[PDB]
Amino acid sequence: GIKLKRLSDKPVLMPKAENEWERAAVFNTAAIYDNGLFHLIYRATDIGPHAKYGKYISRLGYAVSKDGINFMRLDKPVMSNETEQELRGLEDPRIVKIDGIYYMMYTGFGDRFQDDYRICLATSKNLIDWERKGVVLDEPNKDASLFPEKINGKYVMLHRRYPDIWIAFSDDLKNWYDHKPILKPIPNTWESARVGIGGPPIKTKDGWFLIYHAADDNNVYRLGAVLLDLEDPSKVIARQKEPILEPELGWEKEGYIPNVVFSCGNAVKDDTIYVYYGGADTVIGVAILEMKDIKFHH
C-alpha cells in the first residue's frame, strides 16, 4: 500500500559539535512549506536524549531549504529553556499555519515530579520570534497538534493520553471539550505498545491524512497512516495495517535511541508530502509521498 520513499541515504540535518545546544542530537522536527521555502523547527540536545547519557536539555533550532534536502541552519535556538515547565527543555514540536499565524505545540519537560511533561503552545508570524501561550492541557500528555484549519468554527487538536491518540475541540484554545480516543495500539503487531501522531494532519478530498507513529514490544518505532473523516475527524475511514516507514538505514537503526523513525513534521509542495523524521533520536532524514499515492485498501 502506502510507503514513504527516502530522498537521500544520508541525513538532511545532523548535530553540530561547535554548538553546545545541538552538540549531541537533532531530531523530531516540525516542518512547513511557506513562501517558497521548507522550514524546520528542530529539537536539539546538548547530551544524548536519554537519562543514561545525562540531564539532556532540548531546545528548538531553525533550518531552511529551497529543495527540501539541503538545509541552512541558524547558529542559536529560536526557543530555549525559559520556564519551570521547560526546565529540561522543549520537545517534538508540531506546527500549523492558520490565517497568517503559526501555532506550535511542543512538550515542555520539567521533570520536577512524576509525569512532569505538558503540551505547551507558542505562536509566531515569522517562525523566529515565538510567543509562549502556556500549557494547553494541564495533564501528563504529549504528541499534540492543532488541525491546520478550524472545523465547523472550532479549533481541533490531537493529543495522546497514554497509550492512545485522542482528539479535543475548543472555541478559543483556552478550554477544551469533547475529549475522545480515536486510535489505539493493536496487540501482537508492530503497533502494540503505544501510538501517537506524527506531524499535523493534511487535508485531502477523501479525508484528513494523518501519519502516526507506534512502538512494538521491543520499543522499535515505526510510522503508519490513517484517514479521518473531514467533518468528524473522530471517525476513522481507513487505517493501513502495514507501516509506511521503518528503521532500515544505519543512522535510523543506530544512535542514542536504537531503531527509531519518528516524525513531527510533514511539509507539502506541489502535491508532494515531505515527511521529516528523526533517526535514532540523533539525526533528521526526509522521505516523500505524492498525494496521488494516498490509497487505502479499505
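Quick note: we count residues from 1 along the sequence shown, nothing fancier.
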### Query
Per the PDB record, is the mean Cα temperature factor higher over 213 to 221 or over 88 to 96?
213 to 221
### Message
Going by the mean C-alpha B-factor recorded in the entry, which is higher: 137 to 145 or 203 to 211?
### Response
203 to 211
#### Entry: Candidate residues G61, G36, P243, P49, the one whose C-alpha B factor the record puts highest
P243
### Task
Place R43 in the lowest, middle or highest third of its chain's C-alpha B-factors, as listed in the PDB entry.
lowest
### Query
If you rank the chain by CA B-factor, which third does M72 end up in: lowest, middle or highest?
middle
### Task
Taking the values exactly as deposited, rank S234 by C-alpha B-factor within its chain and report the matching third: lowest, middle or highest.
highest
#### Entry: For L289, the third of its chain into which the C-alpha B factor falls
highest
### Query
Would the CA B-factor of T123 place it in the lowest, middle or highest third of its chain?
lowest
